[PDB]
$ cat model.csv   # CSV, N, CA, C and O atoms and all ligand atoms
chain,number,residue,atom,x,y,z
C,1,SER,N,10.3,33.9,12.5
C,1,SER,CA,10.1,33.8,11.1
C,1,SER,C,8.6,33.9,10.8
C,1,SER,O,7.8,32.9,11.0
C,2,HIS,N,8.1,35.1,10.2
C,2,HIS,CA,6.7,35.3,9.9
C,2,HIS,C,6.6,35.4,8.3
C,2,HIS,O,6.5,36.5,7.8
C,3,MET,N,6.7,34.3,7.7
C,3,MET,CA,6.7,34.2,6.2
C,3,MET,C,5.4,33.6,5.7
C,3,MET,O,5.3,33.0,4.6
C,4,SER,N,4.3,33.8,6.5
C,4,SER,CA,2.9,33.3,6.2
C,4,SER,C,2.2,34.4,5.4
C,4,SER,O,1.4,35.1,6.0
C,5,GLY,N,2.5,34.5,4.1
C,5,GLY,CA,1.9,35.5,3.2
C,5,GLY,C,0.4,35.1,3.0
C,5,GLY,O,-0.5,36.0,2.9
C,6,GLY,N,0.1,33.8,2.8
C,6,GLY,CA,-1.2,33.3,2.7
C,6,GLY,C,-1.8,33.5,1.3
C,6,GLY,O,-2.5,34.4,1.0
C,7,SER,N,-1.4,32.6,0.3
C,7,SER,CA,-1.9,32.6,-1.1
C,7,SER,C,-2.3,31.2,-1.5
C,7,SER,O,-1.4,30.4,-2.0
C,8,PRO,N,-3.6,30.7,-1.3
C,8,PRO,CA,-4.1,29.5,-1.8
C,8,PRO,C,-4.3,29.5,-3.3
C,8,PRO,O,-4.6,30.6,-3.8
C,9,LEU,N,-4.1,28.4,-4.0
C,9,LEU,CA,-4.3,28.3,-5.4
C,9,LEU,C,-5.7,27.6,-5.7
C,9,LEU,O,-5.7,26.5,-6.4
C,10,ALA,N,-6.7,28.1,-5.1
C,10,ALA,CA,-8.1,27.5,-5.1
C,10,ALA,C,-8.7,27.8,-6.6
C,10,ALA,O,-9.3,28.8,-6.8
C,11,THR,N,-8.4,26.8,-7.4
C,11,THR,CA,-8.8,26.8,-8.8
C,11,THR,C,-9.4,25.4,-9.2
C,11,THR,O,-8.6,24.4,-9.3
C,12,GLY,N,-10.7,25.3,-9.2
C,12,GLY,CA,-11.4,24.1,-9.6
C,12,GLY,C,-11.7,24.0,-11.0
C,12,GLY,O,-11.5,25.0,-11.8
C,13,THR,N,-12.2,22.8,-11.5
C,13,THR,CA,-12.7,22.6,-12.8
C,13,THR,C,-13.6,21.3,-12.8
C,13,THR,O,-13.3,20.3,-12.1
C,14,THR,N,-14.7,21.4,-13.6
C,14,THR,CA,-15.6,20.2,-13.7
C,14,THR,C,-15.0,19.2,-14.7
C,14,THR,O,-15.3,19.2,-15.9
C,15,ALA,N,-14.2,18.2,-14.1
C,15,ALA,CA,-13.6,17.1,-14.9
C,15,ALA,C,-14.6,15.9,-14.7
C,15,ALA,O,-14.5,15.2,-13.7
C,16,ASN,N,-15.4,15.7,-15.7
C,16,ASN,CA,-16.4,14.6,-15.8
C,16,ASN,C,-16.4,14.0,-17.1
C,16,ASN,O,-16.6,14.6,-18.2
C,17,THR,N,-16.2,12.6,-17.2
C,17,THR,CA,-16.3,11.8,-18.4
C,17,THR,C,-17.2,10.5,-18.1
C,17,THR,O,-16.8,9.7,-17.3
C,18,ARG,N,-18.4,10.5,-18.7
C,18,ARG,CA,-19.3,9.4,-18.5
C,18,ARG,C,-18.9,8.3,-19.5
C,18,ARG,O,-19.2,8.3,-20.7
C,19,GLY,N,-18.1,7.3,-18.9
C,19,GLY,CA,-17.7,6.1,-19.6
C,19,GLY,C,-18.8,5.1,-19.8
C,19,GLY,O,-19.0,4.2,-18.9
C,20,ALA,N,-19.6,5.2,-20.8
C,20,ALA,CA,-20.7,4.3,-21.2
C,20,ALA,C,-20.2,2.9,-21.3
C,20,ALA,O,-19.4,2.6,-22.3
C,21,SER,N,-20.5,2.0,-20.4
C,21,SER,CA,-19.9,0.6,-20.3
C,21,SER,C,-21.0,-0.5,-20.5
C,21,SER,O,-21.5,-1.1,-19.6
C,22,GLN,N,-21.3,-0.6,-21.8
C,22,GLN,CA,-22.2,-1.7,-22.3
C,22,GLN,C,-21.3,-2.8,-23.0
C,22,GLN,O,-20.9,-2.6,-24.2
C,23,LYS,N,-21.0,-3.9,-22.3
C,23,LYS,CA,-20.0,-4.9,-22.7
C,23,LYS,C,-20.5,-5.7,-24.0
C,23,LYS,O,-19.7,-6.0,-24.9
C,24,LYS,N,-21.8,-5.9,-24.1
C,24,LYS,CA,-22.5,-6.6,-25.2
C,24,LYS,C,-23.6,-5.7,-25.8
C,24,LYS,O,-24.7,-6.2,-26.2
C,25,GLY,N,-23.4,-4.4,-25.9
C,25,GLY,CA,-24.3,-3.4,-26.5
C,25,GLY,C,-24.5,-3.7,-28.0
C,25,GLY,O,-25.5,-3.3,-28.7
C,26,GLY,N,-23.5,-4.5,-28.6
C,26,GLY,CA,-23.5,-5.0,-30.0
C,26,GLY,C,-22.5,-6.1,-30.2
C,26,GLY,O,-21.7,-6.1,-31.1
C,27,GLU,N,-22.6,-7.1,-29.3
C,27,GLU,CA,-21.7,-8.3,-29.3
C,27,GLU,C,-22.5,-9.5,-28.8
C,27,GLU,O,-22.6,-9.8,-27.5
C,28,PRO,N,-23.1,-10.3,-29.7
C,28,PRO,CA,-23.9,-11.5,-29.3
C,28,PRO,C,-23.0,-12.8,-29.1
C,28,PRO,O,-22.0,-13.0,-29.9
C,29,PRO,N,-23.2,-13.7,-28.1
C,29,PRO,CA,-22.5,-14.9,-27.9
C,29,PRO,C,-22.7,-16.0,-29.0
C,29,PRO,O,-23.8,-16.6,-29.1
C,30,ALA,N,-21.8,-16.1,-29.9
C,30,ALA,CA,-21.9,-16.9,-31.2
C,30,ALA,C,-21.7,-18.4,-30.8
C,30,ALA,O,-20.8,-18.8,-30.1
C,31,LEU,N,-22.7,-19.2,-31.4
C,31,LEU,CA,-22.7,-20.7,-31.2
C,31,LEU,C,-21.8,-21.3,-32.4
C,31,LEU,O,-21.6,-20.7,-33.4
C,32,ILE,N,-21.4,-22.5,-32.1
C,32,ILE,CA,-20.5,-23.3,-33.0
C,32,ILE,C,-21.2,-23.7,-34.3
C,32,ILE,O,-22.0,-24.7,-34.3
C,33,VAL,N,-21.0,-23.0,-35.4
C,33,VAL,CA,-21.6,-23.2,-36.7
C,33,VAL,C,-21.0,-24.5,-37.4
C,33,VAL,O,-21.5,-25.1,-38.3
C,34,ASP,N,-19.8,-24.9,-36.8
C,34,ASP,CA,-19.0,-26.1,-37.3
C,34,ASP,C,-18.7,-27.1,-36.2
C,34,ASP,O,-17.6,-27.3,-35.8
C,35,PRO,N,-19.8,-27.7,-35.6
C,35,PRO,CA,-19.7,-28.4,-34.3
C,35,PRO,C,-18.8,-29.7,-34.4
C,35,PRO,O,-18.2,-30.1,-33.4
C,36,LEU,N,-18.8,-30.4,-35.6
C,36,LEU,CA,-18.0,-31.6,-35.8
C,36,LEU,C,-16.7,-31.2,-36.5
C,36,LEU,O,-15.7,-31.1,-35.9
C,37,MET,N,-16.8,-31.0,-37.8
C,37,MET,CA,-15.7,-30.7,-38.7
C,37,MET,C,-16.2,-30.1,-40.0
C,37,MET,O,-17.2,-30.6,-40.6
C,38,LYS,N,-15.5,-29.1,-40.4
C,38,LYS,CA,-15.8,-28.3,-41.6
C,38,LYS,C,-14.6,-27.5,-42.0
C,38,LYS,O,-14.1,-26.7,-41.2
C,39,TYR,N,-14.0,-27.7,-43.2
C,39,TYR,CA,-12.9,-26.9,-43.7
C,39,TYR,C,-13.2,-25.5,-44.0
C,39,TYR,O,-13.8,-25.1,-45.0
C,40,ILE,N,-12.9,-24.6,-43.0
C,40,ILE,CA,-13.2,-23.2,-43.1
C,40,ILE,C,-11.9,-22.4,-43.2
C,40,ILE,O,-10.9,-22.7,-42.6
C,41,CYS,N,-12.0,-21.3,-44.1
C,41,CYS,CA,-10.8,-20.5,-44.3
C,41,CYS,C,-10.7,-19.5,-43.2
C,41,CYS,O,-11.4,-18.5,-43.1
C,42,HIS,N,-9.8,-19.9,-42.3
C,42,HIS,CA,-9.6,-19.2,-40.9
C,42,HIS,C,-9.1,-17.8,-41.1
C,42,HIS,O,-9.3,-17.0,-40.1
C,43,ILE,N,-8.4,-17.4,-42.2
C,43,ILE,CA,-8.1,-16.0,-42.5
C,43,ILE,C,-9.4,-15.1,-42.6
C,43,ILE,O,-9.5,-14.0,-42.1
C,44,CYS,N,-10.5,-15.7,-43.3
C,44,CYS,CA,-11.7,-14.9,-43.6
C,44,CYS,C,-12.9,-15.4,-42.7
C,44,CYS,O,-14.0,-15.0,-42.8
C,45,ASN,N,-12.5,-16.4,-41.8
C,45,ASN,CA,-13.5,-17.0,-40.8
C,45,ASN,C,-14.7,-17.7,-41.5
C,45,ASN,O,-15.6,-18.2,-40.8
C,46,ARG,N,-14.7,-17.8,-42.8
C,46,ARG,CA,-15.8,-18.2,-43.6
C,46,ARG,C,-15.3,-19.2,-44.7
C,46,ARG,O,-14.2,-19.1,-45.2
C,47,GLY,N,-16.2,-20.2,-45.1
C,47,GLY,CA,-15.9,-21.1,-46.1
C,47,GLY,C,-16.6,-20.7,-47.4
C,47,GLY,O,-17.3,-21.6,-48.0
C,48,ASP,N,-16.4,-19.4,-47.8
C,48,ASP,CA,-17.1,-18.8,-49.0
C,48,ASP,C,-17.1,-19.7,-50.2
C,48,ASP,O,-18.1,-20.2,-50.6
C,49,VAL,N,-15.9,-19.8,-50.9
C,49,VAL,CA,-15.8,-20.5,-52.2
C,49,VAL,C,-14.9,-21.8,-52.0
C,49,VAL,O,-13.7,-21.6,-51.9
C,50,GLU,N,-15.5,-22.9,-51.8
C,50,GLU,CA,-14.8,-24.2,-51.6
C,50,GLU,C,-14.0,-24.7,-52.8
C,50,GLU,O,-13.0,-25.4,-52.6
C,51,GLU,N,-14.4,-24.2,-54.0
C,51,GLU,CA,-13.7,-24.5,-55.3
C,51,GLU,C,-12.3,-23.7,-55.4
C,51,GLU,O,-11.5,-24.1,-56.1
C,52,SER,N,-12.2,-22.6,-54.6
C,52,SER,CA,-11.0,-21.8,-54.5
C,52,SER,C,-10.3,-22.0,-53.1
C,52,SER,O,-9.4,-21.3,-52.8
C,53,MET,N,-10.8,-23.0,-52.3
C,53,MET,CA,-10.2,-23.3,-51.0
C,53,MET,C,-9.1,-24.4,-51.2
C,53,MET,O,-9.4,-25.5,-51.6
C,54,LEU,N,-7.9,-24.0,-50.9
C,54,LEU,CA,-6.7,-24.9,-50.9
C,54,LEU,C,-6.3,-25.4,-49.6
C,54,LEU,O,-6.6,-24.8,-48.5
C,55,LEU,N,-5.7,-26.6,-49.5
C,55,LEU,CA,-5.2,-27.3,-48.3
C,55,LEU,C,-3.7,-27.5,-48.5
C,55,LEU,O,-3.3,-28.2,-49.4
C,56,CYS,N,-2.9,-26.9,-47.7
C,56,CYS,CA,-1.4,-27.0,-47.8
C,56,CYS,C,-1.0,-28.5,-47.6
C,56,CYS,O,-1.2,-29.1,-46.6
C,57,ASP,N,-0.4,-29.0,-48.7
C,57,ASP,CA,0.2,-30.4,-48.8
C,57,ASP,C,1.2,-30.5,-47.6
C,57,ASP,O,1.2,-31.5,-46.9
C,58,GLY,N,2.1,-29.5,-47.5
C,58,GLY,CA,3.1,-29.5,-46.4
C,58,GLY,C,2.6,-28.6,-45.2
C,58,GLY,O,3.3,-27.6,-44.9
C,59,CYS,N,1.5,-28.9,-44.7
C,59,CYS,CA,0.8,-28.4,-43.5
C,59,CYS,C,-0.6,-29.1,-43.4
C,59,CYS,O,-0.8,-30.2,-44.0
C,60,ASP,N,-1.5,-28.4,-42.7
C,60,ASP,CA,-2.9,-28.8,-42.7
C,60,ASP,C,-3.7,-27.6,-42.2
C,60,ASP,O,-3.7,-27.3,-41.0
C,61,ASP,N,-4.4,-26.9,-43.1
C,61,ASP,CA,-5.3,-25.7,-42.8
C,61,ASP,C,-5.9,-25.2,-44.1
C,61,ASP,O,-5.3,-25.3,-45.2
C,62,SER,N,-7.2,-24.7,-44.0
C,62,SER,CA,-7.9,-24.3,-45.2
C,62,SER,C,-7.7,-22.8,-45.4
C,62,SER,O,-8.0,-22.0,-44.5
C,63,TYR,N,-7.3,-22.4,-46.7
C,63,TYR,CA,-7.0,-21.1,-47.1
C,63,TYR,C,-7.9,-20.8,-48.4
C,63,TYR,O,-8.1,-21.8,-49.1
C,64,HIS,N,-8.4,-19.6,-48.6
C,64,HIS,CA,-8.9,-19.2,-49.9
C,64,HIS,C,-7.8,-18.6,-50.7
C,64,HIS,O,-6.8,-18.0,-50.1
C,65,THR,N,-7.9,-18.7,-52.0
C,65,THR,CA,-7.0,-17.9,-53.0
C,65,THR,C,-7.2,-16.4,-52.8
C,65,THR,O,-6.2,-15.6,-52.8
C,66,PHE,N,-8.5,-16.0,-52.5
C,66,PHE,CA,-8.9,-14.6,-52.3
C,66,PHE,C,-8.3,-14.0,-51.0
C,66,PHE,O,-7.9,-12.9,-51.0
C,67,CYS,N,-8.2,-14.9,-50.0
C,67,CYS,CA,-7.7,-14.5,-48.6
C,67,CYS,C,-6.2,-14.2,-48.6
C,67,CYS,O,-5.7,-13.5,-47.6
C,68,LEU,N,-5.5,-14.7,-49.6
C,68,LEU,CA,-4.0,-14.4,-49.7
C,68,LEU,C,-3.9,-13.1,-50.6
C,68,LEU,O,-4.6,-12.9,-51.5
C,69,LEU,N,-2.8,-12.3,-50.3
C,69,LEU,CA,-2.5,-11.0,-51.0
C,69,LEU,C,-1.2,-11.2,-51.8
C,69,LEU,O,-0.2,-11.5,-51.2
C,70,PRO,N,-1.2,-11.1,-53.2
C,70,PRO,CA,-2.5,-10.9,-54.0
C,70,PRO,C,-3.2,-12.3,-54.2
C,70,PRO,O,-2.7,-13.3,-54.0
C,71,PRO,N,-4.6,-12.2,-54.6
C,71,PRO,CA,-5.4,-13.4,-54.9
C,71,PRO,C,-4.7,-14.3,-56.0
C,71,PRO,O,-4.1,-13.7,-57.0
C,72,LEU,N,-4.7,-15.6,-55.8
C,72,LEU,CA,-3.9,-16.5,-56.7
C,72,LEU,C,-4.6,-16.6,-58.1
C,72,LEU,O,-5.7,-17.2,-58.2
C,73,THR,N,-4.0,-15.9,-59.0
C,73,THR,CA,-4.4,-15.7,-60.4
C,73,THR,C,-4.6,-17.1,-61.1
C,73,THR,O,-5.5,-17.3,-61.9
C,74,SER,N,-3.7,-18.1,-60.7
C,74,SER,CA,-3.8,-19.5,-61.2
C,74,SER,C,-4.2,-20.3,-59.9
C,74,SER,O,-3.7,-20.1,-58.8
C,75,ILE,N,-5.1,-21.3,-60.1
C,75,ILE,CA,-5.4,-22.3,-59.2
C,75,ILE,C,-4.3,-23.4,-59.3
C,75,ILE,O,-4.1,-23.9,-60.4
C,76,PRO,N,-3.5,-23.7,-58.2
C,76,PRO,CA,-2.5,-24.8,-58.2
C,76,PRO,C,-3.0,-26.1,-58.8
C,76,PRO,O,-3.9,-26.8,-58.2
C,77,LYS,N,-2.4,-26.4,-60.0
C,77,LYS,CA,-2.7,-27.7,-60.7
C,77,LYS,C,-2.3,-28.9,-59.9
C,77,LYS,O,-3.0,-30.0,-59.9
C,78,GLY,N,-1.1,-28.8,-59.2
C,78,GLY,CA,-0.7,-29.8,-58.2
C,78,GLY,C,-1.0,-29.3,-56.8
C,78,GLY,O,-1.6,-28.2,-56.7
C,79,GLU,N,-0.7,-30.1,-55.8
C,79,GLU,CA,-1.0,-29.8,-54.4
C,79,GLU,C,-0.2,-28.5,-54.0
C,79,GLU,O,1.0,-28.3,-54.4
C,80,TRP,N,-0.9,-27.6,-53.3
C,80,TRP,CA,-0.5,-26.3,-53.0
C,80,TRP,C,0.3,-26.3,-51.7
C,80,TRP,O,-0.1,-26.9,-50.7
C,81,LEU,N,1.5,-25.6,-51.6
C,81,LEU,CA,2.3,-25.4,-50.4
C,81,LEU,C,2.0,-24.0,-49.9
C,81,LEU,O,2.0,-23.0,-50.7
C,82,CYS,N,1.7,-23.9,-48.6
C,82,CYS,CA,1.6,-22.6,-47.9
C,82,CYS,C,3.0,-21.8,-48.0
C,82,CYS,O,4.0,-22.4,-47.9
C,83,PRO,N,2.9,-20.4,-48.2
C,83,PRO,CA,4.2,-19.6,-48.4
C,83,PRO,C,5.2,-19.8,-47.3
C,83,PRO,O,6.4,-19.6,-47.5
C,84,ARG,N,4.7,-20.1,-46.1
C,84,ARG,CA,5.6,-20.5,-44.9
C,84,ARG,C,6.5,-21.6,-45.2
C,84,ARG,O,7.7,-21.6,-44.9
C,85,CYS,N,6.0,-22.7,-45.9
C,85,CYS,CA,6.7,-23.9,-46.2
C,85,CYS,C,7.5,-23.7,-47.5
C,85,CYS,O,8.5,-24.4,-47.6
C,86,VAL,N,7.0,-22.9,-48.4
C,86,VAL,CA,7.7,-22.6,-49.7
C,86,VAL,C,9.2,-22.1,-49.5
C,86,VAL,O,10.1,-22.5,-50.2
C,87,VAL,N,9.4,-21.4,-48.4
C,87,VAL,CA,10.7,-20.9,-48.0
C,87,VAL,C,11.3,-22.0,-47.1
C,87,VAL,O,11.4,-21.9,-45.9
C,88,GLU,N,11.8,-23.1,-47.8
C,88,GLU,CA,12.4,-24.3,-47.1
C,88,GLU,C,13.9,-24.4,-47.6
C,88,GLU,O,14.3,-23.8,-48.6
C,89,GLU,N,14.6,-25.3,-46.9
C,89,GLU,CA,15.9,-25.8,-47.3
C,89,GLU,C,16.1,-27.2,-46.8
C,89,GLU,O,15.2,-27.7,-46.1
C,90,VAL,N,17.1,-27.9,-47.3
C,90,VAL,CA,17.4,-29.4,-46.9
C,90,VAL,C,17.3,-29.5,-45.4
C,90,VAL,O,16.7,-30.5,-44.9
C,91,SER,N,17.9,-28.6,-44.6
C,91,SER,CA,17.9,-28.6,-43.2
C,91,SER,C,16.6,-28.0,-42.6
C,91,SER,O,16.4,-26.8,-42.6
C,92,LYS,N,15.6,-28.9,-42.3
C,92,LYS,CA,14.4,-28.5,-41.6
C,92,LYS,C,14.8,-28.5,-40.1
C,92,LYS,O,15.8,-29.0,-39.6
C,93,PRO,N,13.9,-27.8,-39.2
C,93,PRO,CA,14.1,-27.8,-37.7
C,93,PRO,C,13.6,-29.1,-37.1
C,93,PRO,O,13.0,-29.1,-36.0
C,94,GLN,N,14.0,-30.3,-37.7
C,94,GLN,CA,13.8,-31.6,-37.1
C,94,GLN,C,15.1,-32.3,-36.9
C,94,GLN,O,15.7,-32.1,-35.9
C,101,ZN,ZN,-11.2,-17.2,-47.0
C,102,ZN,ZN,2.9,-25.8,-44.8

$ encode --input "model.csv" --output "structure tokens"
Amino acid sequence: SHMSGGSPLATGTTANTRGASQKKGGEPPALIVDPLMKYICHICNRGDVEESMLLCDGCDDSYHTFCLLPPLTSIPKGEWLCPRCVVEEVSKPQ
């Protein structure tokens, strides 16, 4: 059996991708701006307007009116419930 025709597929290509790997080329180690306690709107990571910052009566966390979609056209005259808790029934998971 002499089936040695001899046909190599010698076809190269310059496959080069320089993956620039600067882990902190624009990422500084941020220090704790709120070391003790400060009611910050965790949706916007900032306590922008404290006068528009609500605290869920049936939870505990700081939200802005602005940070919710759509922004709360009326400021809650009574204690504000988070939309999570607003969808309740007699049977809680307790
Ligand atoms: Zn906010
Ligand atoms: Zn709640």

$ closest_residue --input "model.csv" --among "C:68, C:59, C:53, C:90" --to "ligand ZN 102 (chain C)" --atoms "all atoms listed in the file"
C:59

$ residues_near_ligand --input "model.csv" --ligand "ligand ZN 101 (chain C)" --cutoff "6 Å" --atoms "all atoms listed in the file" --output "PDB file with N, CA, C and O atoms, in the coordinates of the input"
ATOM      1  N   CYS C  41     -12.000 -21.300 -44.100  1.00  0.00           N
ATOM      2  CA  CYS C  41     -10.800 -20.500 -44.300  1.00  0.00           C
ATOM      3  C   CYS C  41     -10.700 -19.500 -43.200  1.00  0.00           C
ATOM      4  O   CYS C  41     -11.400 -18.500 -43.100  1.00  0.00           O
ATOM      5  N   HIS C  42      -9.800 -19.900 -42.300  1.00  0.00           N
ATOM      6  CA  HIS C  42      -9.600 -19.200 -40.900  1.00  0.00           C
ATOM      7  C   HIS C  42      -9.100 -17.800 -41.100  1.00  0.00           C
ATOM      8  O   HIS C  42      -9.300 -17.000 -40.100  1.00  0.00           O
ATOM      9  N   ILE C  43      -8.400 -17.400 -42.200  1.00  0.00           N
ATOM     10  CA  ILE C  43      -8.100 -16.000 -42.500  1.00  0.00           C
ATOM     11  C   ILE C  43      -9.400 -15.100 -42.600  1.00  0.00           C
ATOM     12  O   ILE C  43      -9.500 -14.000 -42.100  1.00  0.00           O
ATOM     13  N   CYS C  44     -10.500 -15.700 -43.300  1.00  0.00           N
ATOM     14  CA  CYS C  44     -11.700 -14.900 -43.600  1.00  0.00           C
ATOM     15  C   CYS C  44     -12.900 -15.400 -42.700  1.00  0.00           C
ATOM     16  O   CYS C  44     -14.000 -15.000 -42.800  1.00  0.00           O
ATOM     17  N   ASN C  45     -12.500 -16.400 -41.800  1.00  0.00           N
ATOM     18  CA  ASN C  45     -13.500 -17.000 -40.800  1.00  0.00           C
ATOM     19  C   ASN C  45     -14.700 -17.700 -41.500  1.00  0.00           C
ATOM     20  O   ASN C  45     -15.600 -18.200 -40.800  1.00  0.00           O
ATOM     21  N   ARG C  46     -14.700 -17.800 -42.800  1.00  0.00           N
ATOM     22  CA  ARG C  46     -15.800 -18.200 -43.600  1.00  0.00           C
ATOM     23  C   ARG C  46     -15.300 -19.200 -44.700  1.00  0.00           C
ATOM     24  O   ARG C  46     -14.200 -19.100 -45.200  1.00  0.00           O
ATOM     25  N   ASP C  48     -16.400 -19.400 -47.800  1.00  0.00           N
ATOM     26  CA  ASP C  48     -17.100 -18.800 -49.000  1.00  0.00           C
ATOM     27  C   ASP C  48     -17.100 -19.700 -50.200  1.00  0.00           C
ATOM     28  O   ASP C  48     -18.100 -20.200 -50.600  1.00  0.00           O
ATOM     29  N   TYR C  63      -7.300 -22.400 -46.700  1.00  0.00           N
ATOM     30  CA  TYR C  63      -7.000 -21.100 -47.100  1.00  0.00           C
ATOM     31  C   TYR C  63      -7.900 -20.800 -48.400  1.00  0.00           C
ATOM     32  O   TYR C  63      -8.100 -21.800 -49.100  1.00  0.00           O
ATOM     33  N   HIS C  64      -8.400 -19.600 -48.600  1.00  0.00           N
ATOM     34  CA  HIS C  64      -8.900 -19.200 -49.900  1.00  0.00           C
ATOM     35  C   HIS C  64      -7.800 -18.600 -50.700  1.00  0.00           C
ATOM     36  O   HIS C  64      -6.800 -18.000 -50.100  1.00  0.00           O
ATOM     37  N   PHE C  66      -8.500 -16.000 -52.500  1.00  0.00           N
ATOM     38  CA  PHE C  66      -8.900 -14.600 -52.300  1.00  0.00           C
ATOM     39  C   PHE C  66      -8.300 -14.000 -51.000  1.00  0.00           C
ATOM     40  O   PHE C  66      -7.900 -12.900 -51.000  1.00  0.00           O
ATOM     41  N   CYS C  67      -8.200 -14.900 -50.000  1.00  0.00           N
ATOM     42  CA  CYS C  67      -7.700 -14.500 -48.600  1.00  0.00           C
ATOM     43  C   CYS C  67      -6.200 -14.200 -48.600  1.00  0.00           C
ATOM     44  O   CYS C  67      -5.700 -13.500 -47.600  1.00  0.00           O
TER      45      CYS C  67
END

$ closest_residue --input "model.csv" --among "C:50, C:88, C:79, C:57" --to "ligand ZN 102 (chain C)" --atoms "all atoms listed in the file"
C:57

$ residues_near_ligand --input "model.csv" --ligand "ligand ZN 102 (chain C)" --cutoff "6 Å" --atoms "all atoms listed in the file" --output "list in words"
residues 56, 57, 58, 59, 60, 81, 82, 84 and 85 of chain C

$ atom_distance --input "model.csv" --atom1 "atom CA of residue 55 of chain C" --atom2 "atom CA of residue 78 of chain C"
11.2 Å

$ atom_distance --input "model.csv" --atom1 "atom CA of residue 54 of chain C" --atom2 "atom CA of residue 72 of chain C"
10.6 Å

$ atom_distance --input "model.csv" --atom1 "atom N of residue 47 of chain C" --atom2 "atom C of residue 70 of chain C"
17.7 Å

$ closest_residue --input "model.csv" --among "C:65, C:80, C:5, C:20" --to "residue 49 of chain C" --atoms "all atoms listed in the file"
C:65

$ select_by_dssp --input "model.csv" --residues "chain C" --states "alpha helix (DSSP H)" --output "VMD selection string"
chain C and resid 83 to 86
